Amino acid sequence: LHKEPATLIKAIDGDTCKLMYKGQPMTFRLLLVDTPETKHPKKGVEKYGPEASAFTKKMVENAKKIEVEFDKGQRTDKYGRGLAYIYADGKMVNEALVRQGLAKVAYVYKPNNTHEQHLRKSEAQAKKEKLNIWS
């Protein structure tokens, strides 16, 4: 996979944000993870949702560099959202959320699952440590 620069426009929630990619605005959605809901009514404001949002917001807004890494399959979902692994100062946001027990590994559609195993290892560690979602 290859990383590419991007610029933060606005963090929306734990796993969705607006970035400037190729001088164009885009909403992106993290690959292989699912942070709890804070918006959609027919889902409600789930526990750890506000937490996942703040963890993410803090991480991306205080970063000097943000990079996007698309996987080997399709790059956008049905809603026109960019699908990627996002790094804040070299730290993958997707993994960080999972490691903290603030997101579960979800939506694994091959071939967009190159980092699936790394992430699952991180989730297993958070489970055994009984972190947040796992407590």
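Note that residue numbering follows the sequence shown and begins at 1.
Enquirer: Averaged over C-alpha atoms, is the B-factor higher for 107 to 115 or for 13 to 21 in this PDB entry?
Expert: Mean B over CA atoms: larger for 107 to 115.
Enquirer: Mean CA temperature factor from the deposited coordinates, higher in 43 to 51 or in 90 to 98?
Expert: Between 43 to 51 and 90 to 98, it is 43 to 51 that shows the higher mean C-alpha B-factor.
Enquirer: Rank-wise, by C-alpha B-factor, drop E61 into the lowest, middle or highest third of its chain.
Expert: As the PDB entry reports it, the C-alpha B-factor of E61 lands in the highest third of its chain.
Enquirer: Consider only the C-alpha atoms of the modelled residues in this chain, order them by B-factor as the entry records it, and name the third containing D77: lowest, middle or highest.
Expert: According to the entry, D77 has a C-alpha B-factor in the chain's lowest third.
Enquirer: In terms of the CA temperature factor given in the entry, to which third of its chain does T35 belong: lowest, middle or highest?
Expert: Middle third, going by the recorded CA B-factors of the chain.
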